[PDB]
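Spelled out, the chains give:
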Amino acid sequence: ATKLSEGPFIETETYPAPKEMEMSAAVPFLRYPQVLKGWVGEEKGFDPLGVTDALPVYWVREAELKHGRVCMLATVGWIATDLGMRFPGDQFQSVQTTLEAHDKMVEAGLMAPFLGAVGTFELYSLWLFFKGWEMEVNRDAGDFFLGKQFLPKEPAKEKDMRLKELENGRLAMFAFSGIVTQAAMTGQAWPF
Amino acid sequence: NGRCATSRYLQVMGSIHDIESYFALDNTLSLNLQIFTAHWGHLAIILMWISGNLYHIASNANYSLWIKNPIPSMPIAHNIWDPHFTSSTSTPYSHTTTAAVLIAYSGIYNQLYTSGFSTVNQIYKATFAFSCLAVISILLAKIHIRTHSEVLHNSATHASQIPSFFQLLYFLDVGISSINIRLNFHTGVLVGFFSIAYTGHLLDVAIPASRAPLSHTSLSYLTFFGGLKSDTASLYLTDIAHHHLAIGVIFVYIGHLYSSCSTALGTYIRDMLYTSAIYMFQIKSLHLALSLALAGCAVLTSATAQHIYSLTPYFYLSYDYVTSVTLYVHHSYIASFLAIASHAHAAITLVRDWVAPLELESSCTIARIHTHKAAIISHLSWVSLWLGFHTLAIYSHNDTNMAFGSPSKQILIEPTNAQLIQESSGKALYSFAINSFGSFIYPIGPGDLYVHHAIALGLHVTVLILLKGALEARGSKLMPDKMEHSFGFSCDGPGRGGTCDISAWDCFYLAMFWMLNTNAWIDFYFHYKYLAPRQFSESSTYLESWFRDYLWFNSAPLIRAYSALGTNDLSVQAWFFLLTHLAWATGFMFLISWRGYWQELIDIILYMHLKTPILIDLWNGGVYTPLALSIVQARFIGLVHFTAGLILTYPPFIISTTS
Amino acid sequence: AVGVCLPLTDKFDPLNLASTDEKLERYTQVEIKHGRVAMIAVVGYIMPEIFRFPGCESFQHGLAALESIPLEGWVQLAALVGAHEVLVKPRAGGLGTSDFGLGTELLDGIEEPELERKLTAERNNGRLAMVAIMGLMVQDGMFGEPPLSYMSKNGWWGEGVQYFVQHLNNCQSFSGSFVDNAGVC
Amino acid sequence: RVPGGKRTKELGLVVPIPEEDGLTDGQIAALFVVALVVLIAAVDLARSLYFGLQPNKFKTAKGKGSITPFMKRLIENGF
Amino acid sequence: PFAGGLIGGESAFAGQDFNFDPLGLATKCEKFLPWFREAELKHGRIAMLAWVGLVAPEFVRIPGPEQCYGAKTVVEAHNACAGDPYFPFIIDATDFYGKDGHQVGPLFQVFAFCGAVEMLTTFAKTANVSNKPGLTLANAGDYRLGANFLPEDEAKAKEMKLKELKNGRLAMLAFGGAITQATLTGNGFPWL
Amino acid sequence: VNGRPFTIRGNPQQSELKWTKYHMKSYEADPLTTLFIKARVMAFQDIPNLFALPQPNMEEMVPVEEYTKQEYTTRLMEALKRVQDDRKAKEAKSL
Ligand code: CLA
Ligand code: CLA
Ligand code: CLA
Ligand SMILES: CCCCCCCCCCCCCCCCCC(=O)OC[C@H](CO[C@@H]1O[C@H](CO)[C@H](O)[C@H](O)[C@H]1O)OC(=O)CCCCCCCCCCCCCCCCC
Ligand SMILES: CC(=O)O[C@H]1CC(C)(C)C(=C=C/C(C)=C/C=C/C(C)=C/C=C/C=C(C)/C=C/C=C(C)/C=C/[C@@]23O[C@]2(C)C[C@@H](O)CC3(C)C)[C@](C)(O)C1
Ligand SMILES: CC1=C(C#C/C(C)=C/C=C/C(C)=C/C=C/C=C(C)/C=C/C=C(C)/C=C/[C@@]23O[C@]2(C)C[C@@H](O)CC3(C)C)C(C)(C)C[C@H](O)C1
Ligand SMILES: CC1=C(C#C/C(C)=C/C=C/C(C)=C/C=C/C=C(C)/C=C/C=C(C)/C=C/[C@@]23O[C@]2(C)C[C@@H](O)CC3(C)C)C(C)(C)C[C@H](O)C1
Ligand code: SF4
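Residues numbered from 1 in each chain as written, not as in the entry; some residues may be left out. Chains lettered and ligands numbered in written order. Part of a larger assembly, values for the part shown. Heavy atoms only, no water.

In its metadata, the entry names cryo-EM as the structure determination method and reports 2.8 Å as the resolution.

As recorded in the PDB entry, chain E goes by PCPI-10 and comes from Symbiodinium sp.. The title attached to this entry in the PDB is "Cryo-EM structure of Symbiodinium photosystem I".

Chain A goes by PCP-11 in the PDB entry, where it is assigned to Symbiodinium sp..

A. Layout of the overall build of chain E. Counting its regular elements, chain E contains 6 helices and 0 strands. Helices and strands appear in chain E in the N-to-C order α-α-α-α-α-α. Its C-alpha atoms give chain E a radius of gyration of 20 Å, clearly above 16 Å, the size a compact globule of 192 residues would have. Each of the three principal axes of chain E carries a C-alpha extent, and together these read 60 × 45 × 35 Å. A total of 192 residues make up chain E; the buried ones form 27% of that total. Surface exposure of chain E reaches about 12500 Å², of which carbon and sulfur atoms provide 68%. Taken as two groups, the 17 positive and 20 negative side-chain charges of chain E have centres that lie 5 Å from each other. (Helix = DSSP H or I, 4+ residues; strand = E, 2+ residues; numbered from the N terminus. Rg over C-alpha atoms; globule rule 2.2 N^0.38 Å. Buried < 20%, exposed > 50% of the residue type's maximum accessible area, 1.4 Å probe, protein only. Areas by Shrake-Rupley, 256 points an atom, 1.4 Å probe, with all protein chains shown as cover. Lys, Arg positive; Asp, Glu negative; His and termini not counted. Charge placed at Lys NZ, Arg CZ, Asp CG, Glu CD.)

B. Summary view of the coordination of the magnesium atom of ligand 2. Exactly one donor from the protein chain reaches the magnesium atom of ligand 2: B:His39 (NE2), at 2.5 Å. Relative to the elements of secondary structure, B:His39 occurs in helix α2 (residues 28-60). (Donors = N, O, S within 2.8 Å, 3.2 Å for Na, K, Ca; no water.)

C. Up close: the packing of aromatic side chains. Summed over the entire model, instances satisfying the criterion amount to 63 aromatic pairs over all chains. With centroids separated by 5.3 Å and ring planes inclined at 85°, the aromatic side chains of B:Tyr509 and B:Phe513 adopt a geometry described as edge-to-face. On the criterion of helical spacing, the pair formed by B:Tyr509 and B:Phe513 is a turn pair, its members being 4 residues apart in helix α16 (residues 504-531). B:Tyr509 gets classed as buried once you look at its relative accessible area, which sits at 8%. Through pairs of rings, three or more aromatic residues link up here, namely B:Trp505, B:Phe508, B:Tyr509, B:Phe513, B:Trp584, B:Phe588, B:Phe636 and B:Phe642. For B:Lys142, the ring lying beneath its charged end belongs to A:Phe130, and the centroid distance is 5.7 Å. The cationic tip of B:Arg270 hangs over the ring face of B:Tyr274; the distance from NZ or CZ to the ring centre is 4.4 Å. (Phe/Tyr/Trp six-rings, centres within 6.5 Å; stacked < 30°, edge-to-face > 60°. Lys NZ or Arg CZ within 6 Å of the ring centre and 35° of its normal.)

D. Spatial organisation of the environment of E:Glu30. All names here are of chain E. Mapped onto the elements, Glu-30 comes out in the loop between α1 (25-28) and α2 (33-59). A residue is classified by how much of its surface remains accessible, and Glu-30, at 37% relative accessible area, is partly exposed. Separated by 85 residues in sequence, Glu-30 and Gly-115 have C-alpha atoms that sit 28 Å apart.

E. Looking closely at the pattern of salt bridges. Under the definition given, this model contains 48 salt bridges over all chains. In this structure, A:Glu64 and A:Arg61 form a salt bridge, with 3.0 Å as the shortest nitrogen-oxygen distance. Residue A:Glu64 and its partner A:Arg61 are both found in helix α1 (residues 57-83); the two are separated by 3 residues, about one turn of the helix. On the basis of relative accessibility, which here comes to 11%, the residue A:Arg61 falls in the buried class. As a salt-bridge pair, E:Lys42 and E:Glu118 come within 2.5 Å of each other at their nearest N and O atoms. Taken as a pair, E:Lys42 in helix α2 and E:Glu118 in helix α5 (residues 106-127) lie far apart in primary sequence, 76 residues in all. Taken together, the shared-partner salt bridges connect A:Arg61, A:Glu64, A:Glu167 and A:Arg170 into one network. (Salt bridge = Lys/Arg side-chain N within 4 Å of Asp/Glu carboxyl O.)

F. A look at α1(A). With 27 residues, α1(A) should cover 39 Å at 1.5 Å per step; its first-to-last C-alpha distance of 38 Å lies within 8% of that length. Taken together, the buried positions of α1(A) are occupied by A:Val57, A:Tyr58, A:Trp59, A:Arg61, A:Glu62, A:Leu65, A:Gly68, A:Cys71, A:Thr75, A:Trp78 and A:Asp82. Taken together, the buried residues of α1(A) touch α4 (111-134) and α5 (155-186) of chain A together with α5 (120-157) of chain B. One or two positions beyond α1(A), positive phi appears at A:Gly84, with a value near 115°. (Expected span 1.5 Å × (residues − 1). Contact = heavy atoms within 4.5 Å.)

G. Examining the state of the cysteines more closely. Residues and elements named next belong to chain C. For the coordinates displayed, the defined rule picks out 2 disulfides over all chains. Here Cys-171 engages in a disulfide with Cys-185; their sulfurs sit 2.0 Å apart. Between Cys-171 and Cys-185, the disulfide has an S-S torsion of 85° and is therefore right-handed. Here the residue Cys-171 occupies a position in the segment after α6 (147-154), and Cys-185 occupies one in the segment after α6, the gap between them amounting to 14 residues. (Disulfide = S-S within 2.5 Å.)

H. Focus on the site of ligand 1. Contacts to ligand 1 come from B:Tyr253, B:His256, B:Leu257, B:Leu265, B:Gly266 and B:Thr267. Here an oxygen atom of ligand 1 and a backbone polar atom of B:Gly266 are 2.9 Å apart. (Near = heavy atom within 4 Å. Polar contact = N/O pair within 3.5 Å; in protein donor to acceptor, adjacent residues only side chain to side chain.)

I. Fine view of the packing of α16(B) against helix α24 (residues 650-658) of chain B. Residue and element names in this part refer to chain B. α24 packs onto α16 with a crossing angle of 5° between their chain directions and a minimal axis gap of 11 Å. As judged from the angle between their axes, α16 and α24 are roughly parallel. Between α16, through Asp-523, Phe-524, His-527, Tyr-530 and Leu-531, and α24, the contact on the second element is made entirely by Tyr-650, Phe-653, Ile-654, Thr-657 and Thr-658. When the residues that make up the contact of α16 with α24 are grouped by side-chain class, the tally is 6 nonpolar, 3 polar and 1 charged. (Axes fitted to C-alpha atoms, helices over the stretch in contact; angles between N-to-C directions. Parallel < 35°, antiparallel > 145°, perpendicular 65-115°, else oblique. Nonpolar A, V, L, I, M, F, W, Y, C, P; charged D, E, K, R; others polar.)

J. Quick look at empty space enclosed by the protein. Taken as a whole, the largest cavity holds about 130 Å³ of empty space. Secondary-structure elements contributing two or more residues to the lining of the largest cavity are α7 (180-210) of chain B together with α4 (69-77) of chain D. In terms of residue class, the lining of the largest cavity is built from 5 nonpolar, 8 polar and no charged. If you add up the space inside the second largest cavity, you get close to 70 Å³. Together, B:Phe590, B:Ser593, B:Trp594, B:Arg595, B:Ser630, B:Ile631, B:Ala634 and B:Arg635 line the second largest cavity. (1 Å grid on protein atoms, 1.4 Å probe; cavity = no way out; pocket = protein on both sides within 12 Å on 5 of 7 lines; lining within 4 Å. Points joined across faces, edges and corners; volume = space filled by probe spheres on them.)

K. Representation of the interface of chain A and chain B in the model. In this complex, chain A contributes 9 residues to the contact, which on the side of chain B involves 9 residues. The contact between chain A and chain B buries some 760 Å² in all, and 75% of this surface belongs to carbon and sulfur atoms. On the chain A side of the contact with chain B, A:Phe130, A:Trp133 and A:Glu134 bury the most area, a combined 58% of that side's loss. For the pair chain A and chain B, the number of links is 0 salt bridges. On inspection of chain A and its partner chain B, the count reaches 1 residue pair in polar contact. The leading source of residues in the side of chain A that touches chain B is α4(A), at 5 residues. Looking at side-chain class alone, the side of chain A that touches chain B contains 7 nonpolar, no polar and 2 charged residues. (Buried area = accessible area lost by both parts, 1.4 Å probe.)

L. Structural view of a nonpolar patch on the surface. Residue and element names in this part refer to chain C. A contiguous nonpolar patch, built from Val-43, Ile-46, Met-47, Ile-50, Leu-148, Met-151, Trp-156, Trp-157, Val-161, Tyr-163 and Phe-164 and spanning about 1100 Å² of accessible area, is present on the exposed surface. Among the secondary structure elements, those contributing two or more residues to the nonpolar patch are α1 (21-50) and α6. When residues in the nonpolar patch are grouped by element, the largest group, 4 residues, is from α1. Inspection of the secondary structure puts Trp-156 in the segment after α6. (Patch = residues over 30% accessible without salt bridge, like charges linked within 9 Å, V, L, I, M, F, W, Y side chains within 5 Å.)

Take a look at the structure:
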């Protein structure tokens, strides 16, 4: 039963039996949100906080993809910098540890152009996101048309690829959060 | 519609934002969505105004230097880049080799300084962040337009099986027109939680910035001292933080009153209003909601105007002679505008929103008021007449006796009631101290009594005019069928004895003059008592003291600003003193000379243009045929000129006298 | 039509160069490419003043960059541009030769008025960029430094038009003036 | 300055002026970039306000419209 | 029926219903009966845990930071573990690692996790829009945690729920008595 | 022409016909509309017995593509009677 209540009017409505109700797999004591249907990762309906009950699933999926991608890049970059990989250059080699890298590069003046480039791309992304959400252009959430060549043709393989992206981004979220917190706490390389 | 006259522009501009009057605005859904989008744009404008003020303080001004020596230093508002200024020699606003600057009379410097701004970098970060907030506001407007469009599309695409699907027509604007949830979240989060958040801000930033020695945030930052710290001459910051904490807690508690997200908790406003003394009213009426909001905003603006001056909340604000007066006058004028606005929108509510019952039925508050509107108006007229007669007569008695040179013959009624209230307040404050409050208690004399009765006269007459307009808006003995006609219409003809200024909009036009008068009286009282407390106390009992010791005496620096001898930094004030005098005098034209004369003059001018050789062969006059301004258009334009001149000729005077 | 905006009710072609459809199409393609190159070149003029990529700090900015950058580097840049121009062809079924299937997702399945507005905005920005880039290059060549740095040093009116405004307030550089104020305009 | 105020002349109040301008060209440029973003968004908002709601969208626009579950709950609750 | 047919109001003797509502709170506030049952079961659960938590520390103590884990008795254990923050539940920002001794202790960590669990389970079941039947008499106190263990028979399920309720009530009373006696006499397990 | 069959004050209230044909012209409403609006204002004084419109169940929404008009009216009437019975029971519970 996908209907919250059956009946023409609220006061005389009847509710489906609990056995008939479709329950979320992630949290079995809540009903399936039913708005994140047809999306990637819906197999385990997980929205206990009811965020999708207020925001369109498009927005939250765009945000999830952005966070996962940013965190994946951030964790790989933090790991590389901790292991010692650095750009060939006096300003980049002067900085010793990754923790002070943000401040050192802000002082050196590279982070200002870096933020300018990221902000330009992000204004473009905001425009594109509004266009896609309003359906002016035919775009999906978190889709920038990059590397569509490598996207599998089969619908099942495409869904599997998108699910792998989402799961890896979710893992990278926790990975980077733990990495940065532990680094700030102790002050050692990524292996800790 | 190609067939148009030059009155087209004025007709449109008089109702550009009268969204209810828009063509093709079919439903309340469209009305509410348009209003919501306009609100978002308005918030964006406010945030851009804040960002511009912050940017100009950061760039063109001297905040860092001012905070070092706030007492003698004067803040800079912004630079002057005006080609018309003299280039041969330095201007009065420059240091003879430096960009011209303007002093700032807004107290924003004190605001930032006591908020915790120490460096121009912080102001720059704020400028940036408020610009981002403006972007966010506009994007939220767009988001909500899209969401509401998506609900209409859904309702179009999906339909309930039963014929009652048309019931959904009413609930499309539930998000914008729901009252219980809006009240709960506004009073709990927008007010109470905002106060708690500002308490947190104070404790984290403002208290450490003010206190030279470092100390960890704790309950020691919350205190209940009272009065002004001697060093900054302002309210203790630690008390402001507790204040806001207490108010925030109280309003967070009050914000659970109504049922907002679930029907299991909370009560209903319909139900309270139904069971209370006020029977019920059109809470859905947007004009009524606007009227209530405007009344509340007016009272709060008056309260801040009085209390910012009485109890100084900002560092060194009292030391700034000019900024105090400017702030008081600014917020007094804003409060008066908001009050008369609430009255005007109540009148509009009556005109086009209230659903009057049948005549004999008397069930609602509005109907009960309409039953005895005549008694209300007659008693208000009696009070106004009494106040005017006796205030003017006592003032004239004092005037004549002083002119003959016998002050002992003046009628001087001691303000015993006000003095008793003041003494009780002082007793309470002294008990609290035993367990300073500057400007909260003032000497109070017979001159104060007379000025207070004059201000009461002004308020009573303004309310008289506004109440008469509101209660005669639907109908009147002279014009029984006034509901059919719009809120503002020219007249009803020269028949029935003549019907000039017969509309509720005409009552507002009339009450506007009074508002300006009563506000001018209030501002004159404050400014005179501020400039010369002793002279005001001794001499304010007769009107020649006001005309001579206040206006004529203190007008010297302003008029002397620029002359054959030279110019000083008040030359701009002197030019705006005269520009505003001219604007007032121009408003007199539209107020006195009415439309027929000007229409005939326009006809003659049009004849001349059509007889001119070259111009006739190009300009027919058919499109946008010139016409004289309509009766209501000219009333409004003359009122605007009058208001602009009256309001804008004062700030130059106050700045000149207090600087 | 595409390329015609409000200020011009009809197509602007006083010399009647686009007499035939073939010539009109060729000129449209050339104008689109020129406007694109001019737009990127104008941002190219403004941005190096704001910042320089690592390793590019030493190089001169404007026309001086032609001499400053190694001939090998210029060869590499021209080789990249030539590879792009030779190995990229218009997408089959596209709007014409001017399009190369770059960002066409944004314009697919849109209303024709909106597509026309986008094309006209592209063309108008390209035209303004052509005018602006010629201004920038001519000023750089004449005054020896990029226009943005030149304006920072001398202002909007510098050494060619300052004579007109030598007696203006905040811009007064006339002989014997109590203030120079020549670098602030 | 050539002060014209009695109190200013009496008390020697001054308008101190810094030696260097508070903000630099780069900072002003960043603020102008943000202002330009605001201007573009504001022009879009003005266009949306001018054209109002479009009830015809259900005839041609993509998708089938959507009402958020919270909006549905508000509708069911009523006013 | 009585209290909306909720379980737990039956006397030990067969045929007589204890139906303990001296103040008639069920009838006075029937619309809050599911909430009352949820609160009763939650109190019983926390109390059954808390009594064993009063007993076990005497037998064994984990070797955490000695600021709390060296507490003499359960009475002082709460005060030791809650730390001495400037405000009850306020983290110290200037001194994050508690060098000044004004940092919240491990009880803050457990409190934060309890709050997350509460917001994601109880508030989720009760207030979520996508869960319209939500909290009712039938499912009150049921989060489907371990429901696969209870006996299939409905009578046996009712008996098990009654056992849970009775043990939770007994634990509520026992913990109250134990903590109060510990405060009064400050002795070991016999007066806890 | 332009004749109205009632006294001048017989015109309907402007606020009563809002967002209708006569949005702001109560002096152009037909006599039948005037009579109907007058009867509505008389009817809506009796607050104690006014049928509150049932709140719609937004769950039961289906596409327009997805019977008889009379049959649907009858079904709506059965639903309304059920709602009235439920309201009566709920109010009589505590009174
Ligand atoms: C202004 C006076 C007032 C009045 C006459 C009522 C009347 C009513 N309210 Mg209440 N209500 C009020 C204020 C008022 N309320 C306020 C200020 C709030 C916000 C907290 C609420 C929130 C509220 C809710 C959420 C609900 C009611 C309900 C009710 C009904 C039952 C009352 C009851 O059982 O009380 C007896 C109960 C008590 C006295 C216990 C109250 C304890 C809590 C903590 C509130 C006390 C807060 C306190 C006054 C302020 C603290 C300030 C701080 C500085 C310490 C009744 C119609 C219920 C109802 O049936 O609605 C249809 C309902 O669901 N009210
Ligand atoms: C298209 C033009 C247009 C524009 C530019 C605006 C602009 C505004 N409208 Mg809108 N409005 C429009 C058309 C427009 N309106 C139309 C056509 C209507 C239909 C009649 C409305 C109906 C309407 C209503 C009903 C309200 C607004 C309000 C507002 C404000 C929006 C939010 C804001 O920034 O408030 C900034 C405001 C503040 C920061 C001040 C907040 C304090 C409030 C105003 C007072 C609260 C008092 C409280 C109720 C009682 C206190 C009690 C105490 C004394 C004990 C702003 C002034 C709101 C408002 O504030 O009105 C005064 C409001 O309530 N408008
Ligand atoms: C100061 C107040 C004032 C002003 C400015 C005017 C102005 C005018 N009145 Mg008078 N008038 C006044 C009060 C005033 N009146 C009052 C109180 C009444 C009621 C009794 C009348 C009743 C009245 C009547 C019945 C008639 C006039 C006429 C006129 C016009 C005279 C001819 C003319 O325009 O030449 C002079 C114009 C000016 C001095 C206006 C100011 C020009 C300035 C100095 C230059 C502008 C500079 C620049 C371009 C501004 C750009 C601003 C922009 C960029 C923002 C003129 C528009 C007569 C008319 O229209 O004849 C053709 C006419 O028939 N008036
Ligand atoms: C600067 C500080 C000091 C001055 C402060 C401002 C002056 C004081 C305010 C004026 C007092 C009245 C205010 C009430 C306003 C609403 C009144 C109203 O709509 O009725 C004005 C009425 C409305 O019009 C009438 O409406 C009726 C329906 O109610 C009927 O249809 C009538 O036929 C019709 O005439 O009359 C007009 O049409 C007036 C003509 C307006 C012409 C203005 C065109 C020029 C505008 C240039 C200025 C820019 C405007 C934007 C301002 C920017 C600000 C950020
Ligand atoms: C033509 C065109 O357009 O471009 C193409 C190019 C191409 C390549 C095809 C594309 C792509 C895809 C790309 C580039 C995909 C990159 C994916 C990355 C970098 C994933 C990193 C995951 C890291 C994880 C999970 C870390 C996990 C870390 C964990 C779990 C760490 C865990 C601990 O550290 C923690 C947290 C604390 C430690 O104490 C203990 C340990 C266990 C070490 C494009 C862009 O799409 C299109
Ligand atoms: C196109 C394409 C491809 C491609 C490509 C490639 C390699 C493209 C590369 C593009 C590249 C490398 C683009 C850099 C931009 C940098 C910007 C915009 C920086 C702005 C920076 C700004 C606006 C900063 C401004 C300031 O803040 C500064 C710095 C100082 C402050 O005082 C304030 C100001 C405002 C002044 C594929 C993937 C190969 C195939 C595909 O099929 C098609
Ligand atoms: C129902 C029934 C009957 C009954 C009954 C009766 C009389 C029931 C009475 C119940 C009663 C009276 C129950 C008290 C509980 C107290 C509690 C939980 C206190 C916790 C207190 C705690 C957890 C305190 C903790 C701390 O303070 C500590 C210790 C140290 C501090 O540093 C820190 C803090 C603050 C955290 C009858 C009469 C027999 C009839 C019928 O037969 C059945
Ligand atoms: S035209 Fe003017 S003077 Fe004549 S009745 Fe109308 S408002 Fe009065």
